[PDB]
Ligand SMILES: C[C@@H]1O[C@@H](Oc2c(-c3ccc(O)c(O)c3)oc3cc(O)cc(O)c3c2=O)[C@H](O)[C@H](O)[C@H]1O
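In the form deposited without the ligand, a lone chain appears below as structure tokens.
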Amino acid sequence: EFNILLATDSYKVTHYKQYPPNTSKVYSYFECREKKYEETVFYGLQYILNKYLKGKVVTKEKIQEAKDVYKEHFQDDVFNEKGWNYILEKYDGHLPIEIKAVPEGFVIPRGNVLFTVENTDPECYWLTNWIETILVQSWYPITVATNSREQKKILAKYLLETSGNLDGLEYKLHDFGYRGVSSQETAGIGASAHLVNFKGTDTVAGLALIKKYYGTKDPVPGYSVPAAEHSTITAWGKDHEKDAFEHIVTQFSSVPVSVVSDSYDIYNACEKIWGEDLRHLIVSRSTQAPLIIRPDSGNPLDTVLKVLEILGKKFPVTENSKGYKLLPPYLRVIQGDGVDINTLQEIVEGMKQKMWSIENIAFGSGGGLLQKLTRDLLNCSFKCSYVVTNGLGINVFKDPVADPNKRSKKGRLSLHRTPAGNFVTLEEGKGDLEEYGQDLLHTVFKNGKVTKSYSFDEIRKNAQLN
């Protein structure tokens, strides 16, 4: 079972001995520091609050377990047993902490307060930053949601330009990340963050998280279609790729079916197998049940373009009202190898140059979507901005000489709408002056209780494109 006393950076166990004596308040905040990613989707905190922070998180046994672990870990009894015992006896193991946050789904420019953390009991000054490690991991759902939305922006731009509308945009980027992530828990968090912007996913773990922690009006937030992998093609034998293809499209004749086509020769498969041998089983398919050809190797741009040129000469191509080439509705392509934000841009631009509509293409992303992202990409940072020592409020900050970018905000913080309708973070408690409107940060956690929740439906609405 999860023990919050063992869920921090080791050195934070020693910090209660490090703050100035007579400190009654520690107030800290999270931001995506300003320096490609001008605005961030705030998502994921509610998961953390519910799974890890709420309710009775301290027990006698948990305190003893932590005491025993840290004694060996440090070779010293530096663990604050008295401090944790106080929480257990006074608050029945509920954390005397207040967390205020921007509503989830909100799209906020870089360099703005996203959430704040503070202790509600002066004895628990040390607790604000104890829980930094747990809270800071919100960097991941934020970064996945943000990167996913930036890819949606690119797709929207090119789909609109080449077709004149955004029909099916929310299905243009499929989540293939399940195997390429670091853990089962990461799979769920990452997949749920992608589902803020899109509806197609192969990472089932995402659906259960959303149901448990957020909720949606629909039975499920995400969807998928039957698809072949290399094992289900290659198991038929080298000389029987055609038989594999035929069997699979016939098994799934009434639904969309994605068939990996690069097992031996992607170009042969498109021209000879799909384009000649099995053409009769493709042209008969419904518009609601297309064959989706999936290349999975080679240069992503070159392969997509060559596949489209092959299919264009084997199947009846039309020209839409924008002047771009369009494959028949029963035939589509998905590129799900080596796709990240950079290559996505490269492929759609290359397609546009070759006069191919983005209607023809869907993308799938694995490691690029859920794994190859770091805390430093959006400069996600958790820093103390305010303390009360000897009854006096002190505005605190770091400002490293060699990196002005690492300078942090001062004092009590609040987020506000500007007169032009943008966002501003007010520092040094200046939010109290009421010169701007209402603070956009709402209390979401107080004294062991989740005080404000958002459904996944609201989050999706908040995170919409303009």
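Each residue number is its position in the shown sequence, starting from 1.
Quick note: we don't show the form deposited with the ligand bound, though the next part is all about it.
Tell me, which of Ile273, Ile292, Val249, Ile310 has a heavy atom within 4.5 angstroms of the ligand in the bound PDB entry? Of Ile273, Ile292, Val249, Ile310, the residue with a heavy atom within 4.5 Å of the ligand in the bound PDB entry is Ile292.
Taking 4.5 Å between heavy atoms as the contact cutoff, choose which of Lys325, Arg332, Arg149, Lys100 touches the ligand in the bound PDB entry. Checking each option against the ligand in the bound PDB entry, the one that comes within 4.5 Å is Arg332.
Pick from 140 to 148, 172 to 180, 238 to 246, 77 to 85: which stretch has non-hydrogen atoms within 4.5 Å of the ligand in the bound PDB entry? Partner-contacting stretch among the options: 172 to 180.
In the bound PDB entry, is there a heavy atom of the ligand that lies within 4.5 Å of any heavy atom of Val225, even though the partner is absent here? Yes, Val225 lies within 4.5 Å of the ligand in the bound PDB entry.
With the cut-off set at 4.5 Å between non-hydrogen atoms, does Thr162 touch the ligand in the bound PDB entry? Looking in the bound PDB entry, residue contacts with the ligand do not include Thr162, since no heavy atom lies within 4.5 Å.
Does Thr128 reach the ligand in the bound PDB entry if we count a contact as any heavy atom within 4.5 Å? The answer is no: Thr128 has no heavy atom within 4.5 Å of the ligand.
Would you check, heavy atoms only and a 4.5 Å threshold, whether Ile361 touches the ligand in the bound PDB entry? Judged by the heavy-atom cut-off of 4.5 Å, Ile361 is in contact with the ligand in the bound PDB entry.
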